[PDB]
Protein chains: 2
Amino acid sequence: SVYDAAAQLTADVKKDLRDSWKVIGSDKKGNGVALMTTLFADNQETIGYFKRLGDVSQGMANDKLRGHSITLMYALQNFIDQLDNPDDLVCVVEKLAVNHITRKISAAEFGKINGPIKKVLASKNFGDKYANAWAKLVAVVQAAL
Amino acid sequence: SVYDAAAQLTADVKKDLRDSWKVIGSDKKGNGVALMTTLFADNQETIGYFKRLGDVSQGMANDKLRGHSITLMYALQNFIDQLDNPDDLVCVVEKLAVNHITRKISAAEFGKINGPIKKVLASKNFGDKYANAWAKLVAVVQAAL
Ligand code: HEM
Ligand code: HEM
């Protein structure tokens, strides 16, 4: 029910996503890496999916981790840019879901990214209001998994 | 090697990439789909790799094709944004190469995107000078396959 989940992205939710992304997306390498290292720190078990990245404890210094982290932020950039057209938002979200389904990543597992997002947002002084908005965007992806 | 190929992106090459992307990257959906449809038209042999997308001739109306096309443009956006730092450019290029290697896409196969890029650029009054600059960026990826 991707379209149904997209319906939860109301005018106010879209506004908070764009306002917070204006800051978070301004440093894709820095915030992308912070997002990943926080995920690994708070949910060590997720590291099992990233054996290809090697020594993730290296953080920013790990070229593969950095490459993945920056690339992840462009997926979010893609989503933010499509917010005003649900037909396009839905097709790019389903595109993203394809490889995650193949990796056998469930909606519950994918949702573990909510904690890291909440923390990265707070480090930039974006409170619960914004974290909730982001959880709603993540929920659109969860609906496709 | 990808490191030697990245070093081929000289000052003027980087500038021409930015100037042309300024225009082509303004309409990621339209130019992204144009890019893909041109690939399938001039190189029908490549269609086999995109079985999941379905009836590719539907163009913009094919949701999966549209989703793929928009997403492809954000990878180019990624590359353009990393031109300032060779180390970052290389790590995002190698990241992109991973799934293409898995699909057994060779450097020669990947290089078939040069024709479509040249044609999309030309439609926007960007000549050979620009097509050649983009061929050099594509060569960085080819070096990682
Ligand atoms: C905001 C959430 C997320 C976004 C936007 C996102 C985005 C992406 C993108 C764009 C890629 C590269 C293209 C691809 O191979 O599909 C990727 C790869 C991947 N993602 Fe996700 N992802 C997210 C969360 C997660 C989570 C929570 C997990 C697992 C617990 C996960 C596991 C993976 C894995 C294993 C890869 C491959 C990494 C590699 O070997 O390079 N992703 N993701
Ligand atoms: C400028 C050149 C290109 C760029 C930037 C690019 C980018 C991408 C991106 C971002 C994805 C989605 C993430 C992933 O699954 O890895 C993708 C998927 C894919 N690419 Fe590439 N690509 C390019 C050229 C090509 C070429 C020339 C071929 C084959 C002849 C190819 C075949 C594929 C296939 C089959 C998929 C999966 C499609 C699907 O099932 O949704 N790509 N590419």
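- This deposited entry lists X-ray crystallography as its structure determination method and 1.70 Å as its resolution.

1. Topic: the interface of chain A and chain B
Link 1 in the chain: The interface is formed by 22 residues belonging to chain A together with 22 residues belonging to chain B.
Link 2 in the chain: Contact between chain A and chain B buries roughly 1800 Å² in total, counting both sides, with carbon and sulfur atoms accounting for 48%.
Link 3 in the chain: Where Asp88 of chain A meets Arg66 of chain B, a salt bridge forms, and the shortest distance between an N and an O atom there is 2.9 Å.
Link 4 in the chain: At the surface where chain A touches chain B, the tally comes to 13 residue pairs in polar contact.
Link 5 in the chain: Looking at the side of chain A that touches chain B, the elements that each hand over two or more residues are α4 (63-81) and α5 (86-102) of chain A.
Link 6 in the chain: The element contributing the most residues to the side of chain A that touches chain B is α4 of chain A, with 10 residues.
Link 7 in the chain: Grouping the amino acids of the side of chain A that touches chain B by side-chain chemistry returns 5 nonpolar, 8 polar and 9 charged.

2. Considering the packing of aromatic side chains
Residue and element names in this part refer to chain B.
Link 1 in the chain: Scanning the model with the defined rule gives 6 aromatic pairs over all chains in all.
Link 2 in the chain: Their ring planes at 45° and their centres at 5.9 Å tell us that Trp21 and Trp134 sit as a pair that is tilted. Here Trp134 lies in helix α8 (residues 128-142) and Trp21 lies in helix α2 (residues 11-24), a separation of 113 residues in the sequence.
Link 3 in the chain: With relative accessibility at 6%, the residue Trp21 sits in the buried group.
Link 4 in the chain: Aromatic pair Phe40 and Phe50: ring centres 5.1 Å apart, planes at 75°, arrangement edge-to-face.

3. Looking at the site of ligand 1
Link 1 in the chain: In the vicinity of ligand 1, 17 residues are found, and the nearest of them are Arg52, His100 and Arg103 of chain A together with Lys95 and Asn99 of chain B.
Link 2 in the chain: Near ligand 1, residues from chains A and B are present, making the site a shared one.
Link 3 in the chain: Within the side chain of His100 of chain A, one N or O atom sits 3.1 Å away from a nitrogen atom of ligand 1.
Link 4 in the chain: Between an oxygen atom of ligand 1 and a side-chain N or O atom of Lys95 of chain B, the distance comes to 2.5 Å.
Link 5 in the chain: Among the elements that make up the shell around ligand 1, the one with the highest residue count is α4 of chain A (4 residues).
Link 6 in the chain: A breakdown of the residues in the shell around ligand 1 according to their chemical character gives 8 nonpolar, 5 polar and 4 charged.

Here is what the cut-offs are and how they apply
Residues numbered from 1 in each chain as written, not as in the entry; some residues may be left out. Chains lettered and ligands numbered in written order. Heavy atoms only, no water. Contact = heavy atoms within 4.5 Å. Buried area = accessible area lost by both parts, 1.4 Å probe. Salt bridge = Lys/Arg side-chain N within 4 Å of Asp/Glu carboxyl O. Polar contact = N/O pair within 3.5 Å; in protein donor to acceptor, adjacent residues only side chain to side chain. Helix = DSSP H or I, 4+ residues; strand = E, 2+ residues; numbered from the N terminus. Nonpolar A, V, L, I, M, F, W, Y, C, P; charged D, E, K, R; others polar. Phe/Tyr/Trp six-rings, centres within 6.5 Å; stacked < 30°, edge-to-face > 60°. Buried < 20%, exposed > 50% of the residue type's maximum accessible area, 1.4 Å probe, protein only. Near = heavy atom within 4 Å.

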